[PDB]
There are 4 protein chains.
Amino acid sequence: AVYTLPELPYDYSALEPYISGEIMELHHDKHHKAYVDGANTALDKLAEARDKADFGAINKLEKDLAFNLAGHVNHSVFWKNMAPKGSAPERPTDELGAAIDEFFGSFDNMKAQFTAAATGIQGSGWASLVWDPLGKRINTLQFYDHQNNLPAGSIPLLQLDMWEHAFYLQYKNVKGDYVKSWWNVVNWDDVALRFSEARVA
Amino acid sequence: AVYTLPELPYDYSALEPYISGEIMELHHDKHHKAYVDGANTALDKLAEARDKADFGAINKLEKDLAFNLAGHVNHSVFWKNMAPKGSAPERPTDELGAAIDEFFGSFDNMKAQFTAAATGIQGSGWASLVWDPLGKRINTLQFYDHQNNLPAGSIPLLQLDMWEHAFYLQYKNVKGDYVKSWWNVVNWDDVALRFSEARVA
Amino acid sequence: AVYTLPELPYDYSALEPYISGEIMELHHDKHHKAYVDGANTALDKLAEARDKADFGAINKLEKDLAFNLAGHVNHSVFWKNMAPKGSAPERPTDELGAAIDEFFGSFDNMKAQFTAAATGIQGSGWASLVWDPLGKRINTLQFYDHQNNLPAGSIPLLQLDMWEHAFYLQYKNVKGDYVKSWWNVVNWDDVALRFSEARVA
Amino acid sequence: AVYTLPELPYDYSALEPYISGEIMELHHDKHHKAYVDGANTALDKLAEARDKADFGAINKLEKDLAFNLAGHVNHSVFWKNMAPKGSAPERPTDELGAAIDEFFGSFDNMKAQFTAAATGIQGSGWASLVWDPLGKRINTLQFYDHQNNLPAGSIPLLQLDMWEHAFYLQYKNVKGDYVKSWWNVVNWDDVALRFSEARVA
Ligand SMILES: [Fe+3]
Ligand SMILES: [Fe+3]
Ligand SMILES: [Fe+3]
Ligand SMILES: [Fe+3]
């Protein structure tokens with residue numbers, strides 16, 4: 001197939017007590033898998049459309065593609081953005097740390113802005129730290145669902161899943177507690193790597 | 001300022017009779033300029049939010065940023081994607097040409113899918129040919145407004161503005177005639193350059 | 001058919017000089033007609049789906065229905081909400097006038113809020129004065145496209161089309177001039193009638 | 001206050017085993033309450049905007065109003081649409097029953113279409129049976145979030161909450177099992193009452 005489900009870079013319960021293994025198992029094995037299958041199906045349908053010269057369902061297929069592919073991209077980044085506490089730095093350093101200070105003033109300011117973007121979402125969505133190739137800077141974006149509210153060319157560096165399936169079983173309606181806990185498992189090494197390769201447009 | 005209004009790489013009337021100079025002037029001088037100002041204003045507002053430590057309007061600011069920056073990005077690519085008839089080949093060649101046949105079967109198949117995506121939009125939007133870094137392929141996407149219905153990381157190669165302001169003064173409600181005439185001014189050299197630079201992950 | 005295109009309650013050029021007959025002709029005969037045909041097609045497709053027990057395109061059909069039916073409802077109200085200047089009152093009176101003062105403070109306050117909602121839209125949309133059956137009050141809503149950003153049960157009283165096709169040929173990019181001119185042709189008698197029948201849930 | 005949190009017409013655990021009491025408590029006491037507060041706050045902010053004559057945040061306030069009020073409306077209908085098994089007939093009768101056969105062919109056909117609309121949502125949303133005043137018929141709509149994908153004037157008759165918080169704690173990712181169990185607690189008497197009152201234009 002074109003798209004494949006990546007394996008988690010750690011055990012399902014490696015993020016505990018911050019994120020339960022039960023959520024990790026359902027989130028990865030069920031939800032992420034659905035997006036991969038959906039993105040592949042969308043491409044197969046578009047190929048069939050071209051062969052028969054029948055683009056009647058083009059509007060449906062383009063949304064199926066955007067929704068599922070965005071879901072695949074977002075989750076793929078999400079898994080790598082995390083690591084068991086202690087396995088990675090608790091704060092950004094070197095170039096990344098300097099860039100964050102440059103575009104947000106300080107790490108604390110970026111954290112506050114990112115947290116506000118995460119908890120204020122009206123519906124399903126993501127809080128995202130991206131590299132803007134046009135402005136050559138790091139911005140925070142608030143995705144709606146998986147594929148809305150973002151400029152083309154945006155390169156994801158750090159993402160936080162704010163869909164209810166990401167925290168409900170453990171934190172219930174208290175999304176604030178989920179966000180606080182999540183900061184403990186952010187893999188700043190992964191974010192630093194993405195930044196190193198992203199700041200080249 | 002972080003964002004700047006790029007000058008057109010040709011005269012306002014250089015795309016006639018396909019796209020009138022009247023539309024080119026209003027589209028560039030008024031519409032695009034508004035998105036540049038809006039993107040700059042959003043960043044300024046976010047900076048003030050951090051200094052004041054008040055993120056009450058975070059939802060508004062994140063949408064203002066995404067909408068305006070996406071408008072700026074989309075129009076910036078749009079201008080470069082076009083050139084006076086006779087300036088570039090009327091059909092993709094070399095590496096780009098081979099990639100189009102690989103991912104769509106033929107140039108005609110690509111045109112058909114792109115055209116269907118452009119004319120079927122329910123509301124304002126864009127038909128877009130992008131490079132998908134994850135699947136390492138060229139896909140067609142149908143943007144809603146400027147910032148919706150697309151996966152993060154999508155690299156724009158060729159874009160067609162389907163907002164009514166882009167064609168109404170000349171083609172009125174007949175979207176099909178607009179898209180048909182537009183193919184005549186596509187600068188395949190610019191698209192090929194973007195593909196080359198995008199391909200290098 | 002289930003849905004039919006209503007005829008304009010006046011001649012195409014009756015709203016001049018405020019709204020040109022050229023816009024009225026295209027807007028009614030072309031755009032509105034498309035929504036009626038689209039809504040009817042959506043229903044036929046859903047019927048075919050039930051017969052064959054094939055709901056594969058349900059997501060597409062439900063959006064086709066919402067988009068087109070909303071477009072039909074919005075435009076149907078829009079035509080009746082207008083009348084040649086002098087043929088109707090220039091300001092709300094009696095119950096309607098009292099209700100507007102009650103929920104907005106004054107006619108001028110309602111006009112300012114409505115105007116701001118109309119000119120600030122990011123993309124295609126409508127500025128709408130609706131009756132809220134749950135709160136038993138009159139509110140202003142900002143529709144996105146035709147079918148987004150509104151509570152179920154909302155009863156339209158006064159609507160202003162902010163899609164670019166509604167003003168571009170005459171006012172170009174200056175949506176502010178369009179809104180100012182539009183106030184001159186509002187049929188307050190039609191709005192008063194809708195209010196009389198709407199305030200019953 | 002303009003909006004108030006309605007009390008449940010039954011005990012929190014009266015819908016078991018179909019819908020757990022744990023979900024009913026969180027759903028009503030936490031989620032619904034938040035939408036009521038949000039709708040009230042939006043109105044207060046709009047009132048302040050008028051007094052200060054500053055509508056700079058109009059786009060934010062109109063979305064806050066639509067999102068929260070729609071959430072309030074949707075949940076208010078949702079609670080009344082359900083009742084303990086045995087309280088009402090398991091199948092529509094009389095006027096409502098005849099209307100369902102007229103617009104869907106049969107009760108089973110309606111259930112199939114409604115179920116497909118409920119399980120196919122890409123993101124948060126609702127499956128809704130509404131009375132269309134323009135076409136004078138009963139249609140099924142698929143809401144996105146709380147306030148998207150619906151025509152103005154739509155009168156809700158029967159609604160099913162498909163947001164993840166509505167079923168995750170009990171059914172996890174298996175949306176189909178949730179919808180299947182939900183049909184057992186549908187209060188057809190409430191739906192029939194809404195149809196009667198909606199029908200009277
Ligand atoms: Fe997720
Ligand atoms: Fe444009
Ligand atoms: Fe219109
Ligand atoms: Fe809910």
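Each ligand, and each atom within it, is numbered from 1 in the order the structure gives. Labels below follow one simple rule: chain letters A, B, ... track the order of the sequence lines, proteins then strands, and each chain is numbered from 1. Quick note: numbers below take in every heavy atom, side chains included, and nothing from hydrogens, waters or symmetry partners.
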**OP:** Kindly assign one of parallel, tilted or perpendicular to the pair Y168(A) and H31(D), based on the angle between their ring planes and the thresholds 30° and 60°.
**Re:** parallel

**OP:** Sequence neighbours left out, what passes side-chain hydrogen bond (donor to acceptor under 3.5 Å, both in side chains) with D64(B)? Give chain and number order.
**Re:** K60(B), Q122(C)

Original post:
Do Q142(C) and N149(C) have side-chain N/O donor and acceptor atoms under 3.5 Å apart?
Top reply: no

Original post:
salt bridge (charged side-chain N to carboxylate O under 4.0 Å, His left out): which pairs involve residues 21-35 of chain D, sequence neighbours left out?
Top reply: none

Original post:
List-wise, which protein N, O or S atoms are found short of 2.8 Å from the Fe ion (ligand 3)?
Top reply: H27(C) NE2, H75(C) NE2, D161(C) OD2, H165(C) NE2

Original post:
Under the salt bridge (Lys or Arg N to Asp or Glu O under 4.0 Å) test, which residues partner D177(C), sequence neighbours left out?
Top reply: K180(C)

**OP:** Say whether, by atom type as modelled, one donor and one acceptor occur between the side chain of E164(A) and the main chain of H165(D) under 3.5 angstrom.
**Re:** yes

